[PDB]
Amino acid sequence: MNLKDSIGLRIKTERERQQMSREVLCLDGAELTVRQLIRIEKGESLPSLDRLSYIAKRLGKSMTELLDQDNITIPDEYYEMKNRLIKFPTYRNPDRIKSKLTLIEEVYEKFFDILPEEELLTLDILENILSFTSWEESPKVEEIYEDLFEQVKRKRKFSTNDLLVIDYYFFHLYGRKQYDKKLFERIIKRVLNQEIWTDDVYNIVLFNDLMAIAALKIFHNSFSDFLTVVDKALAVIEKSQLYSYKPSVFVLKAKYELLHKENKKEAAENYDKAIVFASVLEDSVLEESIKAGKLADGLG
């Protein structure tokens, strides 16, 4: 009997001894949903610290009592590998030897039996992030993402994990003409209000989120708050010194001048700053790509 089975059985056993329905325990779903609790009690999922804290409080127990002998401590090495996955650099500035593929398999081989549901979803998102179209793969995943996104849309302060879930939501909006604009607007507002501090990992996820929002706004021809987005992206870049990201921001400005301000001259100038920065960063693939971008937009 593994960790998940033990904790799950303990929790279900205690809940049923109090004759508490799943719905009663889960309340409004903000901290735990019925399907989450079900996966925990079937030992399909391990609870996280937050979950366990909620469950213990609801049942009137202590976390120690629900844990018994079992240990759910997640080793620092996992968080280091996750951080390295998030900060994973382009193939033009490779760090050391290991691929993302290798790091992900290594994270599973070392830590799978002790990873809670949220971390696993975060990992699936990271794995598939550079190519989210290449991913339309699980009913189980959509089911897990859906409740976690339900929870996310109640929060005012986001975590790293929250933001990765939000990035996957943005991907849900991809290529879609019909969508809930009110939800998208609330999400955007809340992302834009997140504090920028000294966590580079967080700041990276926030950045990629901002790019996704900009892209979506370009696709929707909705340029309200676009410069708010751009400025926030730039504030991130400055705070964590992510200068390899800066040309793409200038490209965004270009697009804004082009498709909204319709100022081909400024558009062209922004492209030129992007090209020059890439050039003087010596990512030549990026430079060439941006030049081709300027031609593509008719500013050649």
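Throughout, we count residues from 1 along the sequence that is shown.
Asks: Which is higher in the entry, the mean Cα B factor of 221-229 or that of 115-123?
Replies: Result: 221-229.
Asks: Quick check on the record: does 8-16 or 284-292 carry the larger mean Cα temperature factor?
Replies: Per the PDB record, 8-16.
Asks: Would you mind finding, among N161, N203, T133, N83, the residue with the largest C-alpha temperature factor in the entry?
Replies: If I rank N161, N203, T133, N83 by C-alpha B-factor, first place goes to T133.
Asks: Just to confirm, going by the entry's C-alpha B-factors, which of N128, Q194, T90, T102 comes out highest?
Replies: Of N128, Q194, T90, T102, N128 has the highest C-alpha B-factor.
Asks: For the chain shown, is the CA B-factor of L32 in the lowest, middle or highest third of its modelled residues?
Replies: Its C-alpha B-factor belongs to the lowest third of this chain's values.
Asks: Comparing against every modelled residue in the chain, figure out the third that the C-alpha B-factor of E77 lands in (lowest, middle or highest).
Replies: Within its chain, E77 is a lowest-third residue by C-alpha B-factor, going by the deposited values.
Asks: Sort the modelled residues of this chain by their C-alpha B factor and say whether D95 lands in the lowest, middle or highest third.
Replies: Its C-alpha B-factor belongs to the lowest third of this chain's values.
Asks: Name the third of the chain's ranked CA B-factors that contains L66, choosing lowest, middle or highest.
Replies: Highest third - that is where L66 ends up once the chain's C-alpha B-factors are sorted.
Asks: Once the chain's modelled residues are ordered by C-alpha B factor and cut into thirds, is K189 in the lowest, middle or highest one?
Replies: For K189, whose C-alpha B-factor we compare with every modelled residue in the chain, the answer is the middle third.
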